[PDB]
Amino acid sequence: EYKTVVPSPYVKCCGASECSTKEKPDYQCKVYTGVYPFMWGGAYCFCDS
Amino acid sequence: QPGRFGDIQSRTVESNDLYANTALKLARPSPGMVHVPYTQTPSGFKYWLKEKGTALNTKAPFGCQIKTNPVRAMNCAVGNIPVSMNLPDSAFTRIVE
Amino acid sequence: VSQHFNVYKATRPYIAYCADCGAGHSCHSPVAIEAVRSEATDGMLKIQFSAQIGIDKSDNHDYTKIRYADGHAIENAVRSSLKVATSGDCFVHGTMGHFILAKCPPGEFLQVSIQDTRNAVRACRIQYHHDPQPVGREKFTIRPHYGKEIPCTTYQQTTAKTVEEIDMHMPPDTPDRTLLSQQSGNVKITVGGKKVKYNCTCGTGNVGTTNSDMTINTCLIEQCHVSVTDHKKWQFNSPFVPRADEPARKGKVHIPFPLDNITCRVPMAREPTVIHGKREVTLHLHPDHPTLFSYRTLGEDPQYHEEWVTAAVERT
Ligand SMILES: *[C@@H]1O[C@H](CO)[C@@H](O)[C@H](O)[C@H]1NC(C)=O
Ligand SMILES: *[C@@H]1O[C@H](CO)[C@@H](O)[C@H](O)[C@H]1NC(C)=O
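The rules behind each value
Residues numbered from 1 in each chain as written, not as in the entry; some residues may be left out. Chains lettered and ligands numbered in written order. Part of a larger assembly, values for the part shown. Heavy atoms only, no water. Helix = DSSP H or I, 4+ residues; strand = E, 2+ residues; numbered from the N terminus. Buried < 20%, exposed > 50% of the residue type's maximum accessible area, 1.4 Å probe, protein only. Contact = heavy atoms within 4.5 Å. Areas by Shrake-Rupley, 256 points an atom, 1.4 Å probe, with all protein chains shown as cover. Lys, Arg positive; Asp, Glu negative; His and termini not counted. Charge placed at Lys NZ, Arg CZ, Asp CG, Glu CD. Near = heavy atom within 4 Å. Polar contact = N/O pair within 3.5 Å; in protein donor to acceptor, adjacent residues only side chain to side chain. Nonpolar A, V, L, I, M, F, W, Y, C, P; charged D, E, K, R; others polar. Disulfide = S-S within 2.5 Å. UniProt positions renumbered as here; feature names shortened; annotations may be inferred. 1 Å grid on protein atoms, 1.4 Å probe; cavity = no way out; pocket = protein on both sides within 12 Å on 5 of 7 lines; lining within 4 Å. Points joined across faces, edges and corners; volume = space filled by probe spheres on them. Pairing = 2+ DSSP bridges. Buried area = accessible area lost by both parts, 1.4 Å probe. Salt bridge = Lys/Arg side-chain N within 4 Å of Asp/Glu carboxyl O.

- In terms of determination method and resolution, the entry is listed under cryo-EM at 3.0 Å.

Next comes the structure, spelled out in structure tokens:
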């Protein structure tokens, strides 16, 4: 039986990122355009969109 | 194939290839929270551990007893065993005796 | 002995998002659940846990305390308040750090809870199937005084030498909207003993104030953004908190309770009643629990059958 490995997401406040291919099995990676995480006791970004 | 036996494969235990076809798939986070949703077909080893069927142990002709680590079929009852022997001269008794 | 002290002295508990905090409402809790592992055929199940059991907030090794996180501080919880639950109620066989070792009745969910310093109950509830089954050919419930020995796998409580580990990293910037204080046109920042990352719009901004209070006489309390930015400790790389860098350097910490071979006693079913017909027999089977019965003929075509027997039956 397998084991899915899921790391902490990377959030970039007022920025953008790029997907990078890797050598892992069944590896997936995506970047989503406009977020507003609201981490806890705050929004975690000073950046609306 | 996903969700069936051998959805992940490896040549040996210590091998380092790890073929995997599990239909993993990411999803957009729900607005306002930090999390990474995804969907993925559940394990095929765990599926096989229920739907595997009946073992050769249960249904073996001639009363074979299928056994452990050295895969063997103990005590099947088939065929004949030809045997040839070369007896010494001292194993017999003289007719005059 | 100090290896445990060192490995647990660089790490702190955290706060994650729990979607059902005991009443059907989401919250940010100190007792969020990360993963439930069930590899022991003994029926034991081991669960991960954001709080830390067996370590004081003063970092000393105390076996009667659980240290958690609320806000930015780290307090102590009474270890006797640890509850693990399912449909019924569980028995805890061992605890160390992020891991619990419990044995539970069958259910459809799993719940774990503690008591904070305010004597409030913080709990997290997740959906977990948990229909355990013993080893062998009989689905018994409680071990007998007379039986057989069959091999079993459990989670030994050695907590010393293990191959498996979990990743660890630096926590990210922690937003905190209570660090802003407003005066008549002034914007006071009350640092409580911890560096604060800073960004306003109209006036100043972009300063990491290494433990310095400030005031802003131009901007507004709604025109700025603060976040505690000190990182002296590690924490587990959960998917419910973000990280601070894309290179993402990681640490490793060995986890306790490895898997080991043990022998677990099983019962034996009472022999059936055999009635000798002509070229056939009849069996009266009286089980005390679900029991597996099979037959086969010792020929060229075996002509077999297999079945789980739950009630008294007759088979020819
Ligand atoms: C500060 O905030 C402004 C907008 O509010 C943003 O453009 C800038 O990148 C931020 N700087 C830092 C260091 O976060
Ligand atoms: C138990 O014994 C088997 C030998 O059959 C061995 O391969 C295994 O490593 C042992 N330990 C386990 C299963 O934890």
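**What to know about the overall build of chain B**
- Of the regular secondary structure elements, chain B holds one helix and six strands.
- If you line up chain B on its principal axes, its C-alpha atoms span 110 × 30 × 20 Å.
- For chain B, buried positions account for 15% of its 97 residues.
- When contacts within chain B are restricted to residue pairs at least 6 apart in sequence, long-range pairs at least 24 apart make up 21% of them.
- When the accessible surface of chain B is totalled, it reaches about 8100 Å², and 55% of it is carbon and sulfur.
- Computed over 11 positive and 6 negative side-chain charges, the separation of the two mean positions in chain B equals 17 Å.

**Quick notes on the site of ligand 1**
- The environment of ligand 1 is formed by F46(A), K197(C), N199(C), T201(C) and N206(C).
- Flanking ligand 1 are residues from chains A and C.
- The side chain of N199(C) places a nitrogen or oxygen atom 2.4 Å from an oxygen atom of ligand 1.
- Between a nitrogen atom of ligand 1 and a side-chain N or O atom of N206(C), the distance comes to 3.5 Å.
- Split into classes, the residues belonging to the shell around ligand 1 amount to one nonpolar, three polar and one charged.

**A few points about the UniProt feature "disulfide bond" in chain A**
- With a threshold of 2.5 Å on the sulfur distance, the UniProt-listed cystine of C13(A) and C45(A) is realised in this model at 2.0 Å.
- Formation of the UniProt disulfide linking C19(A) with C29(A) is not confirmed, the inter-sulfur distance of 4.3 Å being 2.5 Å or more.

**Some words on empty space enclosed by the protein**
Residues and elements named next belong to chain C.
- The final tally for this structure, using the stated rule, is two cavities of 30 Å³ or more.
- Considering only enclosed or pocket space, the largest cavity measures out at about 60 Å³ in volume.
- Contributing to the lining of the largest cavity are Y8, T11, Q52, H98, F99, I166, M168, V253, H254, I255 and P256.
- Among the secondary structure elements, those contributing two or more residues to the lining of the largest cavity are β8 (91-103), β12 (165-169) and β21 (251-254).
- A class-by-class count of the residues in the lining of the largest cavity yields seven nonpolar, four polar and no charged.
- Here the second largest cavity defines a volume of roughly 40 Å³.
- What lines the second largest cavity is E138, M268, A269, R270, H286, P287, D288, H289 and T291.
- For the lining of the second largest cavity, the class distribution of residues is three nonpolar, three polar and three charged.

**Let's talk about the site of ligand 2**
All names here are of chain C.
- All residues in the neighbourhood of ligand 2 are listed as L259, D260 and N261.
- In this structure, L259 approaches ligand 2 through a main-chain N or O atom, which is 3.5 Å from an oxygen atom.
- Residue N261 places a side-chain N or O atom 2.4 Å away from an oxygen atom belonging to ligand 2.
- Relative to its unbound accessible area of 360 Å², ligand 2 is 31% covered by the protein chains.

**Notes on the UniProt feature "disulfide bond" in chain B**
- Judged by the 2.5 Å criterion, the UniProt-annotated disulfide of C64(B) with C76(B) is present, its S-S distance being 2.0 Å. Taken as a pair, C64(B) in the loop between α1 (44-51) and β5 (65-66) and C76(B) in the segment after β6 (73-74) lie far apart in primary sequence, 12 residues in all.

**Here's the deal with the sheet that holds strand β16 (residues 196-200) of chain C**
- With antiparallel pairing, four strands are arranged side by side in an open sheet as β13-β19-β16-β17 (chain C). Edge positions in the sheet fall to β13 (174-175) and β17 (208-209) of chain C, since each has one partner strand and no second.

**A few points about the interface of chain A and chain B**
- In this assembly, 16 residues from chain A lie in contact with 23 residues from chain B.
- With both chains or domains summed, chain A and chain B bury close to 1700 Å², and 64% of this area falls on carbon and sulfur atoms.
- Our count for the contact surface shared by chain A and chain B stands at zero salt bridges.
- When its residues are assigned to classes, the side of chain A that touches chain B shows nine nonpolar, four polar and three charged.

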